[PDB]
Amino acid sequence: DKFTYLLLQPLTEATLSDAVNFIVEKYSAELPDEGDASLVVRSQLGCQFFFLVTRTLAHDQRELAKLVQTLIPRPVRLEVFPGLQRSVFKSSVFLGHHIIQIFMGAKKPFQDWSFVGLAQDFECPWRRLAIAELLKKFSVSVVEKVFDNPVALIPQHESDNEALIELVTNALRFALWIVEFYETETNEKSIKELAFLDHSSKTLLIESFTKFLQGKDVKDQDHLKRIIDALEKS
């Protein structure tokens, strides 16, 4: 009741904080117990945190997404963002937000990939693996039933909830493709993994990246050009 009420409110820093605090209280109750049942509860609670992250990405409130990590006490943070996932959460949020907003039609401006550290993170294979792990968690958190009661991704968007989830999960799948086919974008096997993409989403990506690359650092322009080329060849 109380929890469902929080989750249905308009997305604000206050409502996000109260929701996170509630999930943390449930998580904290499990920490002293190390049997399997507790691990299963904590897995589900983890997905509830990532549902809140993905919902803020989809509602174009990227600052609130980043904030979720801050609002979680460190002992819990160590389990919800294991290992290198803690370090690359900022980049994963940035990339997930960027691609979800392109899919939703947003006409920019997005921040520079080199400036925000995403370009550098891409250069490390272990950071690429951790970013992919987080993008996957964002996606599963809005597909699985993470709460025992249904909760629309975007507050007040009920009849169109399935449509929005479809769009957002397709966006996150493309964000995952960017990471997993870094510097192999136009290989035949890579292009085959774009078969899932609607033609209209593909065109929105092409148009967005064609504007984005203008004036950027040369290495970023080359990267974006490979992605555009792959989209046109698919």
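A residue's number is simply how far along the shown sequence it sits, counting from 1.
K.L.:
Averaging the C-alpha B factors as listed in the entry, name the stretch that ends up higher: 31-39 or 55-63.
P.N.:
If you average the C-alpha B-factors of 31-39 and of 55-63, the larger mean comes out for 31-39.
K.L.:
Comparing 43-51 with 180-188, where is the mean C-alpha B-factor higher?
P.N.:
Per the PDB entry, the higher value belongs to 180-188.
K.L.:
Highest Cα temperature factor in the entry, among the options 136, 128, 107, 98: which one is it?
P.N.:
That would be 107.
K.L.:
Which third of the chain does residue 71 land in by C-alpha B-factor: lowest, middle or highest?
P.N.:
It belongs to the highest third of the chain when residues are ordered by C-alpha B-factor.
K.L.:
Within this chain, which third does the Cα B-factor at residue 147 fall in: lowest, middle or highest?
P.N.:
Ranked within chain, residue 147 CA B lands in the highest tercile.
K.L.:
Using the B-factor values recorded in the entry, state whether the Cα atom of residue 226 falls in the lowest, middle or highest third among the modelled residues of its chain.
P.N.:
Residue 226: CA B-factor falls in the lowest third of its chain.
K.L.:
Looking at the entry's B-factor column for C-alpha atoms only, identify whether residue 92 ranks in the lowest, middle or highest third of its chain.
P.N.:
For residue 92, the deposited C-alpha B-factor lands in the lowest third.
K.L.:
Ordered by C-alpha B-factor within the chain, which third holds residue 141? Give me lowest, middle or highest, please.
P.N.:
Ranked within chain, residue 141 CA B lands in the lowest tercile.
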